[PDB]
Number of protein chains: 2
Amino acid sequence: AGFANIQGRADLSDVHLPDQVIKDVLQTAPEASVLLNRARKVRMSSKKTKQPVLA
Amino acid sequence: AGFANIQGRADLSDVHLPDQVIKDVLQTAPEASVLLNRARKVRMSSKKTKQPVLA
């Protein structure tokens, strides 16, 4: 054997030296859109809308 | 003999002419650390911590 022997990290399986886990995801919140909040909103009831204009 | 004699400082022992002692040590009080107060604080239970991230 000799004198150099010491217990190391690599002598144990990962089950006995587990990483601590933080359960929640590190993320920033989903950002809201510009046009769907600034623009005037109308319900469409057809694929196309028509309006007359003075020209 | 003579007229020249007078009692000097050097004619007494240091026991009888003591310096006054102020017992309290002159010092400024210990400062606080920056990161141990400013950062967010968590208790670790293993050499490593692992967290999931949106990527």
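Each chain carries its own residue count, beginning from 1 and running in the order its sequence is written; this scheme need not agree with the entry numbering, and residues with no coordinates do not appear. Throughout, the order in which chains and ligands are written sets their labels, letters from A for the former and numbers from 1 for the latter. Taken from a larger assembly, the chains shown here are the sole basis for all values reported. To get the side-chain values, all heavy atoms of the structure are used, and hydrogens and water are removed first.

Per the PDB entry, chain A goes by Capsid and derives from Mycobacterium phage Muddy. Per the header of the deposited record, the title is "Mycobacteriophage Muddy capsid".

## Remarks on the pattern of salt bridges
A pair is scored as a salt bridge if a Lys or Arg side-chain nitrogen falls within 4 Å of a carboxyl oxygen belonging to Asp or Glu. What the rule picks out here adds up to 1 salt bridge over all chains. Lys50(B) is the partner of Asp19(A) in a salt bridge, and the nearest nitrogen-oxygen pair spans 3.8 Å. Here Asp19(A), found in the segment before β1 (20-21), pairs with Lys50(B), found in strand β1 (residues 49-50), and the two come from separate chains. Overall, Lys50(B) belongs to the partly exposed group, its relative accessible area being 49%. Segments assigned H or I by DSSP are reported as helices when at least four residues long, segments assigned E as strands when at least two residues long, and all are numbered from the N terminus. Relative accessibility thresholds used throughout: buried, under 20% of the residue-type maximum; exposed, over 50%; partly exposed, between the two (1.4 Å probe, protein chains only).

## Regarding the interface of chain B and chain A
Counting residues at the interface gives 12 residues for chain B and 11 residues for chain A. Taking both sides of the interface into account, the surface hidden between chain B and chain A amounts to around 1,000 Å²; carbon and sulfur atoms contribute 51%. Buried area, as used here, totals the accessible surface that two parts lose on assembly, with accessibility defined by a 1.4 Å probe and the loss added over both. The largest contributions to the chain B side of the interface with chain A come from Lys50(B), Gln51(B) and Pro52(B), which together make up 42% of the buried area. Where chain B packs against chain A, one counts 1 salt bridge. Polar contact is defined as a pair of N or O atoms within 3.5 Å, subject to the rule that within protein one atom must be able to donate a hydrogen and the other to accept it, and that residues adjacent in sequence are counted only when both atoms are side-chain atoms. Linking chain B to chain A there are 8 residue pairs in polar contact. We call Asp, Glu, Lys and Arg charged. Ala, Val, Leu, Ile, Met, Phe, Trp, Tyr, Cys and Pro are nonpolar, and the rest, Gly among them, are polar. Residue classes in the side of chain B that touches chain A are distributed as 4 nonpolar, 4 polar and 4 charged. Two strands form a pair only when DSSP identifies at least two bridges running between them. Pairing of β1(A) with β1(B), which is carried by 2 bridges, proceeds in the parallel orientation. Note on β1(B): the bridge partner recorded for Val21(A) is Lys50(B). Should any heavy atoms of two residues lie within 4.5 Å, those residues are considered in contact.

## Some words on the environment of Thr49(B)
Looking at the secondary structure, you find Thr49(B) in strand β1. A relative accessible area of 37% means that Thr49(B) is categorised as partly exposed. Once the C-alpha coordinates of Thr49(B) and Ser33(B) are considered, the two residues, 16 residues apart in sequence, prove to be 24 Å apart. Among residues more than four places away in sequence, those in contact with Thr49(B) are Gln20(A), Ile22(A) and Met44(B).

## Thoughts on a nonpolar patch on the surface
A cluster of nonpolar side chains, contributed by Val34(B), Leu35(B) and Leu36(B), occupies part of the molecular surface with about 340 Å² of accessible area. Assignment of secondary structure puts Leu36(B) in helix α1 (residues 35-38). Each patch is built from salt-bridge-free residues with over 30% relative accessible area, joining like charges within 9 Å and nonpolar side chains (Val, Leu, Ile, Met, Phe, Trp, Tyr) within 5 Å. Calculation of accessible area relied on Shrake-Rupley with a 1.4 Å probe; when residues are assessed, cover is drawn exclusively from the protein chains displayed.

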